[PDB]
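Undergrad:
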Amino acid sequence: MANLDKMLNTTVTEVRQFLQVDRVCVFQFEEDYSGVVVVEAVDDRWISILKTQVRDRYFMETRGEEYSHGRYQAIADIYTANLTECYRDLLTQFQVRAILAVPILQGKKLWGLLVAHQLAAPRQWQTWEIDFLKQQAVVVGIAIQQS
Ligand SMILES: *C(=C)[C@@H]1/C(=C/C2=NC(=C\c3[nH]c(/C=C4\NC(=O)C(C=C)=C4C)c(C)c3CCC(=O)O)/C(CCC(=O)O)=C2C)NC(=O)[C@@H]1C
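Per our numbering, the sequence shown runs over residues 113 to 259.
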């Protein structure tokens with residue numbers, strides 16, 4: 113079968129349950145580095161962002177180049193982090209307190225992001241959790257090719 117959608121759904125569920133976080137989702141980039149939240153596991157208590165189309169200026173202007181070379185975002189508390197206003201308001205609209213966002217690659221090509229959000233309260237991200245989510249993104253990268 114190699115059903116990609118099923119594997120991705122299982123992945124984000126697996127991650128959300130194991131890290132005990134409020135949302136894990138996959139953001140898939142369009143050809144211009146806009147994109148869509150294509151798969152999501154979220155706690156019922158918060159609003160689902162599934163299939164939201166996002167036109168993020170940082171991604172669209174850089175064309176993901178930094179994320180293609182392994183940059184990631186790990187922020188425990190988005191209100192004390194130094195974020196520009198419009199990006200903080202996107203996160204606020206997604207009800208985010210803390211964010212761990214890692215690149216999903218096809219070779220060196222940035223295909224999307226694998227993102228964990230904490231929505232209840234801030235949350236320190238541990239070293240291993242960053243490695244965990246990155247390694248999950250590796251597994252997704254393999255699956256995408258062969259889907
Ligand atoms: C203003 C014009 C807005 C805008 C600008 C910026 N976005 C920025 C960085 C950025 N954007 C993302 C995107 C997501 N985070 C998610 O959780 C999801 C979906 C589930 C998406 C699509 C991330 C991860 C980052 C961090 C990049 C990084 O620095 O590692 C920035 C730069 C950050 C800053 O200076 O605060 C700007 C500016 N994005 C908007 O949507 C509107 C258009």
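In this text, a Cβ means the ideal position worked out from N, Cα and C, and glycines have one as well.
1. Are the stretch 148-168 and the stretch 238-250 touching by the rule of at least three beta carbon pairs closer than 8 Å?
2. Let's see if you can read the secondary structure: which residues bound the alpha helix (DSSP H) around residue 240?
3. With a threshold of 7 Å (Cβ to nearest heavy atom), would residue 244 be considered close to ligand 1?
4. I think residue 259 touches residue 153, with their Cβ atoms under 8 Å apart; what is that distance to the nearest whole Å?
5. Which residue spans inside the stretch 132-196 form an unbroken alpha helix (DSSP H) run of at least 4?
6. With distances taken from CA atoms, which of 220, 230, 191 and 207 is nearest residue 176?
7. Hey, is residue 219 close to ligand 1, as in C-beta under 7 Å from one of its heavy atoms?
8. In angstroms, rounded to a whole number, what distance separates the CA positions of residue 149 and residue 155?
9. State the Cα-Cα distance for the pair residue 226 and residue 189, rounded to the nearest angstrom.
10. What separation, rounded to the nearest whole angstrom, lies between the Cα atoms of residue 171 and residue 145?
11. Taking the Cβ atom as the reference point for each residue, do residue 228 and residue 245 lie within a distance shorter than 8 Å?
12. Consider the C-beta atom of residue 211 and the heavy atoms of ligand 1; say whether any pair is separated by less than 7 Å.
13. Beta-carbon within less than 8 Å of residue 251's beta-carbon, same chain only, minus the 5 sequence neighbours each way: which residues are those?
TA: Result, derived from the coordinates:
1. no
2. The residue you call residue 240 lines up with position 128 of the sequence shown. Element bounds for residue 240: 239-257.
3. As a first step, residue 244 must be located in the sequence shown, where it is residue number 132. The answer is no for residue 244.
4. Residue numbering aside, residue 259 sits at position 147 when the sequence shown is read from its first letter. Residue numbering aside, residue 153 sits at position 41 when the sequence shown is read from its first letter. Not a contact, Cβ separation roughly 19 Å.
5. 169-174 and 177-180
6. Reading the sequence shown from its first residue, position 64 is the one you call residue 176. For the residues 220, 230, 191 and 207, the minimum Cα distance to residue 176 belongs to 220.
7. Working through the sequence shown from its first residue, we reach residue 219 at position 107. Not so, every heavy atom of ligand 1 lies at least 7 Å from the Cβ.
8. One-based indexing of the sequence shown puts residue 149 at position 37. One-based indexing of the sequence shown puts residue 155 at position 43. For residue 149 and residue 155, the distance between alpha carbons rounds to 16 Å.
9. As a working note, residue 226 is residue 114 in the sequence shown. As a working note, residue 189 is residue 77 in the sequence shown. Cα-Cα distance, rounded: 19 Å.
10. Position 59 of the sequence shown, counting from 1, holds the residue named residue 171. Position 33 of the sequence shown, counting from 1, holds the residue named residue 145. Approximately 6 Å between the Cα atoms of the pair.
11. Working through the sequence shown from its first residue, we reach residue 228 at position 116. Working through the sequence shown from its first residue, we reach residue 245 at position 133. For residue 228 and residue 245, yes; Cβs fall inside 8 Å.
12. Residue 211 sits at position 99 when you count from the first residue of the sequence shown. The answer is yes for residue 211.
13. By 1-based counting over the sequence shown, the position of residue 251 is 139. Cβ within range, chain order: 123.
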